[PDB]
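Chemist: File upload-v5.tsv below, TSV, C-alpha atoms:
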chain	number	residue	atom	x	y	z
A	7	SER	CA	8.37	-0.66	14.15
A	8	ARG	CA	6.73	1.80	11.65
A	9	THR	CA	9.64	1.54	9.12
A	10	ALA	CA	9.43	-2.29	8.93
A	11	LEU	CA	5.66	-1.89	8.37
A	12	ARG	CA	6.56	0.64	5.57
A	13	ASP	CA	8.95	-2.00	4.13
A	14	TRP	CA	6.04	-4.50	3.98
A	15	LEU	CA	3.83	-1.90	2.20
A	16	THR	CA	6.90	-1.16	-0.02
A	17	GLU	CA	7.12	-4.88	-0.91
A	18	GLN	CA	3.36	-4.99	-1.58
A	19	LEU	CA	3.32	-1.85	-3.76
A	20	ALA	CA	6.46	-2.91	-5.66
A	21	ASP	CA	4.76	-6.28	-6.37
A	22	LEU	CA	1.27	-4.81	-7.17
A	23	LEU	CA	2.36	-1.79	-9.28
A	24	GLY	CA	5.10	-3.82	-11.11
A	25	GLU	CA	7.89	-1.54	-9.73
A	26	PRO	CA	11.25	-2.00	-7.94
A	27	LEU	CA	11.04	-1.58	-4.11
A	28	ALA	CA	13.57	1.25	-4.65
A	29	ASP	CA	10.96	3.15	-6.75
A	30	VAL	CA	8.43	2.74	-3.87
A	31	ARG	CA	11.12	3.85	-1.36
A	32	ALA	CA	11.40	6.88	-3.69
A	33	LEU	CA	7.96	8.03	-2.37
A	34	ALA	CA	7.54	10.28	0.64
A	35	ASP	CA	5.11	8.70	3.18
A	36	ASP	CA	2.40	11.31	2.32
A	37	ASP	CA	2.77	10.77	-1.48
A	38	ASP	CA	-0.45	9.90	-3.35
A	39	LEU	CA	-0.39	6.36	-4.74
A	40	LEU	CA	-3.21	7.11	-7.21
A	41	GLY	CA	-0.83	9.99	-8.03
A	42	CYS	CA	1.76	7.19	-8.61
A	43	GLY	CA	-0.09	4.61	-10.76
A	44	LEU	CA	-2.14	2.64	-8.15
A	45	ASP	CA	-5.85	1.86	-8.69
A	46	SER	CA	-8.64	-0.29	-7.19
A	47	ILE	CA	-7.77	-3.52	-9.10
A	48	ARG	CA	-4.47	-3.32	-7.18
A	49	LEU	CA	-5.85	-1.81	-3.90
A	50	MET	CA	-8.27	-4.77	-3.48
A	51	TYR	CA	-5.34	-7.19	-3.73
A	52	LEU	CA	-3.53	-5.04	-1.13
A	53	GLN	CA	-6.60	-5.13	1.14
A	54	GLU	CA	-6.55	-8.97	0.90
A	55	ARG	CA	-2.77	-9.15	1.60
A	56	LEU	CA	-3.31	-6.83	4.61
A	57	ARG	CA	-6.17	-9.05	5.88
A	58	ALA	CA	-3.94	-12.16	5.30
A	59	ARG	CA	-1.19	-10.35	7.35
A	60	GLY	CA	-3.95	-10.07	10.06
A	61	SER	CA	-4.08	-6.27	9.35
A	62	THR	CA	-7.87	-6.26	8.63
A	63	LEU	CA	-9.03	-3.02	6.93
A	64	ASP	CA	-11.85	-2.34	4.42
A	65	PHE	CA	-10.98	-0.84	1.00
A	66	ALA	CA	-12.12	2.74	1.83
A	67	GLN	CA	-10.23	2.73	5.16
A	68	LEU	CA	-7.11	2.69	2.96
A	69	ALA	CA	-8.44	4.44	-0.14
A	70	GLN	CA	-9.91	7.55	1.63
A	71	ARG	CA	-6.32	8.86	2.30
A	72	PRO	CA	-4.31	7.18	-0.48
A	73	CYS	CA	-0.77	7.59	0.92
A	74	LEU	CA	1.55	5.44	3.04
A	75	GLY	CA	1.34	7.97	5.94
A	76	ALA	CA	-2.38	7.38	6.52
A	77	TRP	CA	-2.08	3.60	5.92
Represent the structure contained in this file as structure tokens.

Modeler:
Amino acid sequence: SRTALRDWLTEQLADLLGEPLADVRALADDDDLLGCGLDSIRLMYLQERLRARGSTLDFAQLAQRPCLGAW
């Protein structure tokens, strides 16, 4: 399910950015996370958490299109 996968990214971005999950649910899927206070120090940790989830991606494969929709 795509929305449960969004909820796991919502959990990760709430944890990484220091936000409530509600503030990450306040994004549209296409909203720019570097627009919304993400950076590489966080996006590396996300890339590890994704690889730990089994969801192997390299940093650019996320960071080329920096919104939930592309991820």

Chemist: Using all atoms listed in the file, which of A:77, A:70, A:35, A:55 sits nearest residue 17 in chain A?

Modeler: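 Under the stated criterion, the closest residue is A:55.
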
Chemist: What separation in Å, quoted to one decimal, exists between CA of residue 39 in chain A and CA of residue 72 in chain A?

Modeler: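 Straight-line distance from CA of residue 39 in chain A to CA of residue 72 in chain A works out to 5.8 Å.
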
Chemist: Taking all atoms of range 16-20 of chain A that the file lists and extending 4 Å past them on each side, where is the centre of the axis-aligned box and how long are its edges? Answer in Å to one decimal, as JSON.

Modeler:
{"center_x": 5.2, "center_y": -3.1, "center_z": -2.8, "size_x": 11.8, "size_y": 11.8, "size_z": 13.6}

Chemist: What is the CA of residue 45 in chain A-CA of residue 69 in chain A distance in Å, reported with one decimal?

Modeler: 9.3 Å

Chemist: If you measure from CA of residue 59 in chain A to CA of residue 25 in chain A, what distance in Å do you get, rounded to one decimal?

Modeler: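 Straight-line distance from CA of residue 59 in chain A to CA of residue 25 in chain A works out to 21.3 Å.
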
Chemist: Residues at most 12 Å from residue 21 in chain A, counting only C-alpha atoms, excluding those fewer than 3 positions away in the same chain, as a PDB file with C-alpha atoms, keeping the file's coordinate frame?

Modeler:
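Okay, this is what ended up in part.pdb:
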ATOM      1  CA  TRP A  14       6.040  -4.500   3.980  1.00  0.00           C
ATOM      2  CA  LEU A  15       3.830  -1.900   2.200  1.00  0.00           C
ATOM      3  CA  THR A  16       6.900  -1.160  -0.020  1.00  0.00           C
ATOM      4  CA  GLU A  17       7.120  -4.880  -0.910  1.00  0.00           C
ATOM      5  CA  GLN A  18       3.360  -4.990  -1.580  1.00  0.00           C
ATOM      6  CA  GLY A  24       5.100  -3.820 -11.110  1.00  0.00           C
ATOM      7  CA  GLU A  25       7.890  -1.540  -9.730  1.00  0.00           C
ATOM      8  CA  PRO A  26      11.250  -2.000  -7.940  1.00  0.00           C
ATOM      9  CA  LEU A  27      11.040  -1.580  -4.110  1.00  0.00           C
ATOM     10  CA  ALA A  28      13.570   1.250  -4.650  1.00  0.00           C
ATOM     11  CA  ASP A  29      10.960   3.150  -6.750  1.00  0.00           C
ATOM     12  CA  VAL A  30       8.430   2.740  -3.870  1.00  0.00           C
ATOM     13  CA  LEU A  44      -2.140   2.640  -8.150  1.00  0.00           C
ATOM     14  CA  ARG A  48      -4.470  -3.320  -7.180  1.00  0.00           C
ATOM     15  CA  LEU A  49      -5.850  -1.810  -3.900  1.00  0.00           C
ATOM     16  CA  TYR A  51      -5.340  -7.190  -3.730  1.00  0.00           C
ATOM     17  CA  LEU A  52      -3.530  -5.040  -1.130  1.00  0.00           C
ATOM     18  CA  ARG A  55      -2.770  -9.150   1.600  1.00  0.00           C
TER      19      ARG A  55
END
